[PDB]
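Novice:
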Ligand SMILES: Nc1ncnc2c1ncn2[C@@H]1O[C@H](COP(=O)(O)OP(=O)(O)O)[C@@H](O)[C@H]1O
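Residue numbers (the authors' numbering), protein chains in the order written: chain A, 1241 to 1364; chain B, 3371 to 3531; chain C, 2489 to 3027; chain D, 139 to 494.
#1: Let's test the definition: count the other Cβ atoms within 10 Å of the Cβ of residue 3490 (chain B) and tell me whether it reaches 16, buried, or not, exposed.
#2: So, at 6 angstroms on beta carbons, what are the nonlocal neighbours of residue 3517 (chain B) in its own chain, with the 5 sequence-adjacent residues on each side left out?
#3: Hey, is residue 2622 (chain C)'s beta-carbon within less than 9 angstroms of any beta-carbon in chain B?
#4: What does the Cβ neighbour count give for residue 2932 (chain C), buried or exposed, with the cut at 16 atoms within 10 Å?
#5: Which residue spans inside the region 2542-2614 of chain C form an unbroken alpha helix (DSSP H) run of at least 4?
#6: Can you find a C-beta in chain A that's less than 9 angstroms from the C-beta of residue 2858 (chain C)?
#7: Are residue 2918 (chain C) and residue 2761 (chain C) close, meaning C-beta to C-beta below 9 angstroms?
#8: Whose C-alpha, out of C:2593, C:2639, C:2551, C:2803, is nearest the C-alpha of residue 2583 (chain C)?
#9: By Cβ distance, which residues of its chain are closer than 7 angstroms to residue 2609 (chain C), with the 5 residues on each side in sequence left out?
#10: Answer with buried or exposed for residue 371 (chain D), where buried requires no fewer than 16 other C-beta atoms within 10 angstroms of its C-beta.
#11: So the candidates are C:2532, C:2698, C:2606; which of them puts its Cα closest to the Cα of residue 2510 (chain C)?
#12: What three-state label does DSSP hand residue 314 (chain D) in the structure shown?
#13: Using alpha carbons as the reference points, say which of A:1353, A:1360, A:1349, A:1356 lies closest to residue 330 (chain D).
#14: How big is the Cα-Cα spacing for residue 2963 (chain C) and residue 2955 (chain C)?
#15: Please state the DSSP three-state secondary structure of residue 2635 (chain C).
#16: Using the Cα positions of residue 3466 (chain B) and residue 3007 (chain C), report the straight-line distance between them to the nearest angstrom.
#17: Go ahead and pull the three-state DSSP assignment for residue 2813 (chain C).
#18: Using a Cβ-Cβ cut-off of 7 angstroms (strictly less than) and excluding sequence neighbours within five positions of residue 3383 (chain B), which residues of its own chain qualify?
#19: Whose CA, out of B:3403, B:3431, B:3468, B:3411, lies closest to the CA of residue 3499 (chain B)?
#20: Considering only DSSP beta bridges, list what residue 416 (chain D) is partnered with.
#21: Would you mind telling me which residues of chain C sit closer than 7 angstroms to residue 3511 (chain B), beta carbon to beta carbon, in chain order?
#22: To which residues does DSSP link residue 372 (chain D) through a beta bridge?
#23: Can the beta-carbon of residue 3459 (chain B) be found closer than 9 angstroms to that of residue 2788 (chain C)?
#24: Name, in chain order, the residues that DSSP records as bridge partners for residue 180 (chain D).
#25: Can a CB atom of chain B be found closer than 9 angstroms to the CB of residue 2912 (chain C)?
#26: Taking three-plus beta-carbon pairs below 8 angstroms as touching, is the region 380-390 of chain D in contact with the region 429-448 of chain D?
#27: Please work out which residues of its chain come closer than 8 angstroms, Cβ to Cβ, to residue 3394 (chain B), disregarding the five sequence neighbours upstream and downstream, and give them in chain order.
#28: Using the beta-carbon of each residue, which ones in chain D are nearer than 7 angstroms to residue 3474 (chain B)?
#29: Using beta carbons (cut-off 9 angstroms, strictly below), is residue 2884 (chain C) in contact with chain A?
#30: Could you give the first and the last residue of the continuous beta strand (DSSP E) run that contains residue 3011 (chain C)?
#31: Look at the alpha carbon of residue 3469 (chain B) and the alpha carbon of residue 3435 (chain B), and state the distance between them as a whole number of angstroms.
#32: Relative to chain B, which residues along the region 2781-2803 of chain C have a C-beta separation below 8 angstroms, given in chain order?
#33: Quick check on the burial criterion: 16 or more other C-beta atoms within 10 angstroms. Buried or exposed for residue 2814 (chain C)?
#34: What distance in whole Å lies between the Cβ atoms of residue 470 (chain D) and residue 480 (chain D), which are believed to be in contact at a cut-off of 8 angstroms?
#35: Please name the residues in the region 1263-1293 of chain A whose beta-carbon is closer than 9 angstroms to at least one beta-carbon of chain C, in chain order.
#36: To which residues of the same chain is residue 195 (chain D) closer than 7 angstroms at the C-beta, ignoring the five residues directly before and after it?
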């Protein structure tokens, strides 16, 4: 499961579909309960379970971030202002940055900034 | 107001008569709502421009740069006179009603999609052609109507003079 | 079938095509010029009676081939039965009053019949009643019972009367018709309900609101007025800043707009006159209920596409984000019949089938799939998703129409529109009465330079005082202002309701400013002469 | 001791010229300070409340909030006194000093840094140093310094105008007009968590401070982990949606010599209890021992129980108008002993007191 979690996270942003992602996290949540209590008491399971909660709870902001109005310039602005880091130009212009890089952005904490940026994205 | 205002009005190009003097008194006295200057003759816009000098900005509803030149003029107190009052666009509707959202250091008005400041000395005037055309009830209500049409139904005053 | 218009020389080509189909059993293919014979295809038409506006009498050469069936409104006794079932279903909630389920239905039907008989289209274009009004009354009674406290029989009767006032008598104009409705309601209660415990039944003494508490119950007038005052101060401080005087009529209009915006699918048109408060009241009431205001903005002549995208954004916010929008459609926001068609088809079922088509339809269905999955309400077929979409739009989008003097051609056209008429709570607020003008002026003349002018209180005949009896200058000045307003409106213009008082408020504001300035000048003159006299005394 | 339900009738009623906006008790003397909607700050003695001891018109506009801190300098060079910091709608934050030996107000500073109306003000002392916080409608929370008067830090926690604020150590929680809470480390201006779930603007926000003399209590005591080291576990926030919600603050990844970093693993508040029963907007909140006292616009005051979550007593029709403020002496602090009084300044130009 943990390998499945990591491979889902490393998936590039251009190849993830919001409905597909939601179904995949539903499958992950279903598979999580089948683990024994001994696995439950060990910390990596708790960490990945919290990651699954992240992906289930940030569904709305992920959907709003998957709208076609957003552009590579807009993602550059998001990563420079909210992430405080710049992605390489070749990887940025292809919108293939890993979903882990989006999770690095707190999303829940910076949801208002994301919403205003996507509002400007729609208005363009 | 005193006779200084009377001679200032007359020297700008107004007629020497009770009707036009009273209408100018109505237009000038207090500005809590925009005035609607209505007269078939176009000589009154020249009078308004002469009163305020070269700071007057001329603008019309029909031309394209309408909103941009509004956002320019209003923020640093340029008196604006609208050429046509018969037509109207409800974009400027926010400005007509005193709906500025005050703050501790500024007052702002919403035009289109821009929160543009207003200097506070800004004056807005509306000029109209012959009263044959109609005006929407919004304009007729909010805006202070005033007739500068050539004398009619009175005649006795001019011949009396 | 009678809707299509005639040609220059009469006759409708579509109706003649239908006559060809019914009589000759076929038609001519226009580009191939060949005769086609239709087999076992039936033609069924549905039309309103020709006396309705917009209906054109068809040629008898067409109606000669069809059996005309008149499916009128159901009887005057079938309604009694149907609403006896409806009231039984309602009173399942309160079985202690099960014995009164029949008199309530009888009184409702008698109310409907009397309203139909008294107020007719010959007086106002918008006096048109149907069993839809009775269904609305039943549903309103159910909503107030369901979200209310433990009802008592007097409370039940008063609630039913309040619902009757909101469904039927809101559309009435003037005061004579409202008094007629009040006496009719008294007569109905006396005739069909032997219980006699109601107090005053008028619209100003039936105040039901879920604002002051968690239950839809009757509220005290003074408590509600104070609550509205302290909420409206906050509204002005936070939202738009225009100072507005609180008066009794505005409280009733606030209650009406509140109960309309709380409906499952509730739209209202405020057909009054300009500078009354129709828009600001809607904004305030939506602010109380937490609805997002969307006011469409157009230029001199905006194409239909701009209105379409405004509607699409509002619909998306209502459904995919449960924003609970309160769309305010002013008359100036409508300038072509396409806008009216879009509004009436939006109010028709719940929404616009047209705004979602093609790629946008695919994106909308994907978003609906993901949203329904997020709420854990998975639906595997397109029909279920579209039904959920329609339900969300119905229970989240409230459209309010702000209409000035209905004598305008566009106002009359949109009032007379069938869909908007039937699907909206028509609320005639009209122009300010003497009491409302008196209250507004009294709260606007509250300035201290109103004093210092010795007032010779006159005998002043009570028949021409309007406001409270005169004991101070404030009464004199308010009476003078209101009397001049009435004289000016009855002299300059001829007609009924040309425009609500907008000159009155400007006159009061200018009066206050001028009095303050002139008295400041007088005070400084008094100070100058007094100090000069004091210095001369010192000399 | 802490468990004290005030009598169903107020002990003494204080009449003021206009509506009361914020009432603050005196930490040592029995003096009630009352602010008004006309900016006139009033000081009232509890035993002699007929005439105010001293009234001072500092702000032209209405006072929006008041906070009171008794200085506790550890050096004998300076003498302890009282600091009264008042916000107002005139973009001013006036700081006074209560001259106990003369019973008069001595203004010290006239802080002004906000670009629009300031709503709430909180003042606290940290190792001979006194700091003043102030959230305003310009969406900015400014951390002032009392001795100097220069804003140590300014940050924007919300895109809509912040209304309430509460400090505890180096962290600020601020409820805003956009119906969200946000815990912010004010020395660095770094956000840590966001609390969503209210459907109307948030009126008042308070931390639930840790208490230990009580045997056991649902919320005031920590939940083991490193929350005890952290110092805070829960927070309570009234809102215009006529409900009071008690949240649990997610615990960030603290690091030595580094400002706390918002934990991506958990960065959302989690509602644990939702008190319902008020008939209108809840205006103010105070916590004493186990009982959560709240005042609302329904002209009533309620005393919820933190453990069960149920209302115990209701002071219905306490005021003829709304109830704008409610004050109780803090009990987590050491120098300030909990003293059994309760004051409810209202909109009816009156300020009930619940002495015993
Ligand atoms: N009760 C009131 N007290 C004071 N002014 C009012 C009142 N009702 C309406 N007004 C005036 O009406 C204007 C707002 O009316 P509004 O509702 O926006 O126009 P409309 O009725 O055409 O939508 C304000 O300028 C205000 O001065």
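For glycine and all other residues, C-beta sits at the position ideal for the given N, C-alpha and C.
Specialist: Well, looking at it:
#1: exposed
#2: 3408
#3: no
#4: buried
#5: 2548-2551, 2566-2579, 2589-2606
#6: yes
#7: yes
#8: C:2639
#9: 2615, 2616
#10: buried
#11: C:2532
#12: strand
#13: A:1349
#14: 7 angstroms
#15: coil
#16: 30 angstroms
#17: strand
#18: 3413, 3416, 3417, 3420
#19: B:3411
#20: DSSP output for residue 416 (chain D) lists no bridge partner at all.
#21: 2762, 2763, 2987, 2990
#22: D:346, D:386
#23: yes
#24: D:172, D:193
#25: no
#26: yes
#27: 3379, 3384
#28: 229, 253, 254, 255
#29: no
#30: Looking at the DSSP string, residue 3011 (chain C) is not in any beta strand (DSSP E); the run it does join, the alpha helix (DSSP H), is 2991-3026.
#31: 23 angstroms
#32: 2785, 2786, 2787, 2788
#33: buried
#34: Contact flag wrong, Cβ pair sits at about 17 angstroms.
#35: 1263, 1266
#36: 177, 178
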